[PDB]
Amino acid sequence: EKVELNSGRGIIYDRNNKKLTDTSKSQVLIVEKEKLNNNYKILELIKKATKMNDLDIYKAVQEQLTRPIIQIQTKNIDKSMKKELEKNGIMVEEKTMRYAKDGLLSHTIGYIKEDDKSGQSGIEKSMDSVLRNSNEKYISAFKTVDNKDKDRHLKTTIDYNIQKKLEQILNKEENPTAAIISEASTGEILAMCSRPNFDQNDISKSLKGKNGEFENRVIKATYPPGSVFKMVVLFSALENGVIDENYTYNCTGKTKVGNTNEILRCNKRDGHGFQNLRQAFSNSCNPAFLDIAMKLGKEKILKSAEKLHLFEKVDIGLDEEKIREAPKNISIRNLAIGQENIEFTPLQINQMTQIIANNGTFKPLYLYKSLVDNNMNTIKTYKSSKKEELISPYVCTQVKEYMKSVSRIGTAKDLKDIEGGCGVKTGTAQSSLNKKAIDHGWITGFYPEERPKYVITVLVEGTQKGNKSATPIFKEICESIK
């Protein structure tokens, strides 16, 4: 009879060699079933040591009815109680559970089947071929446990501390959210969080749940970009030479859509007035961006989107990434305002923001660094399949400069005062939950303003109870990682 001291799977580590699985030490008390069932001394000895009761014990007994030896999960058995129990034929072993109670990085890590130990989602499934039976710790019963030179573990790009801070923040939001933080200069993913959460230790209780408790909204959920798309129209316009830094537009609060008497109102309604490019972008002025879009056309804007990696998978090492194809036909109006049949995951928006933030040096977003041994020595390097590109660096630097204005005297002025500044673009997605008009809140940008280290993307889903801005959560993130 085999006693499992761990899941047998390769540990998952963060970028700094801190464990993200296999963190909480616990105990497995092992007793012969006949001895337990026929001898009140042994029952009452186990009860004392575990602090369990008869119901807890005989639940365990009933689950292992057929086995000649019974294994009880417990903890905090000191040394006297340990030798004591061994005098009574009861051996106690130090064990490691796969997932803490903390449950950091749930959707990204995923979960395993308990019989099989096989990966069912996230990293556990995408990297099951290298992690399964790569770290086997077990004893044989009716009475090896320690390291082996061929043990393999997976080291990721995640920063445990940044991940913790982000989960603290999204845990205070009742609305479903998606948040990703990546390194501007390398594309390494420092943190990813989706809400609502699931319990990796209780796949049953969550599966009955109704709100996508198992959806990685960062990599799977697509949303309309709203004004976030003005990064692309602004990029497209400056790259195609249709506008320059000297563009002025007079927002009177409305405009005719091309040649028709179809009318697009501004959000100000009484108008922004005379705007330079910085103000048109900062004010998120729909009429100014229709004016800019009309000068480009559908195809130049889509090619610009394609060039910024919005019409392909980011391919970060997780296979369940979903995307939505470029629309067959869409009105230049819906392009300008970023609504209808154009949608992106937060992962894609983050990748696009990485390029702008990094002055056109595209670093493909990725989650894995290496497969390591028990000494944390590199056995092999992992990296993106994607080729590095230098993309319109000058244009990228212009969009990036204008994004520093949005934070200071724009739609996201509440960020004017954060230590070190930031560059952002906010936006609102228009969806439907039931047939009610529901609004999802976007913000994307980089922190700090001057030499960005972080590319940050947040999406707060609307609910029947109402819609929310992403700006507050972006602010808390920046305040918690200064």
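Each residue number is its position in the shown sequence, starting from 1.
> How big is the unmodelled gap, if any, between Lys143 and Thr144 relative to the deposited sequence? Choose none, 1 to 3, 4 to 9, or 10 or more.
Going from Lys143 to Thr144, the model skips 10 or more residues of the deposited sequence.
> 398-406 versus 346-354: which one carries the higher mean Cα B factor per the record?
Per the deposited B-factors, the answer is 398-406.
> Once you work out the mean C-alpha B-factor for both 388-396 and 83-91 from the entry, which is higher?
Comparing averages over the C-alpha atoms only gives 83-91.
> Kindly indicate the residue among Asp315, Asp373, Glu124, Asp115 with the greatest C-alpha B-factor in the PDB record.
Of the candidates given, the C-alpha B-factor peaks at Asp115.
> Highest Cα B-factor in the deposition, which of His440, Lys425, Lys453, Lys51?
Each of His440, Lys425, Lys453, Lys51 was compared by C-alpha B-factor; the highest is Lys51.
> Would you check the entry's CA temperature factor for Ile263 and let me know if it's in the chain's lowest, middle or highest third?
Top third by C-alpha B-factor.
> Ordered by C-alpha B-factor within the chain, which third holds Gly110? Give me lowest, middle or highest, please.
Its C-alpha B-factor, which the entry lists for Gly110, ranks in the lowest third among residues of this chain.
> Please place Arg195 in the lowest, middle or highest third of its chain by C-alpha B factor as given in the entry.
Middle third - that is where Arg195 ends up once the chain's C-alpha B-factors are sorted.
> Could you place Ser24 in the lowest, middle or highest third of its chain by Cα temperature factor, using the values in the record?
CA B-factor rank for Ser24: highest third.
> Is the Cα B-factor recorded for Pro448 in the lowest, middle or highest third of its chain?
Within its chain, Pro448 is a middle-third residue by C-alpha B-factor, going by the deposited values.
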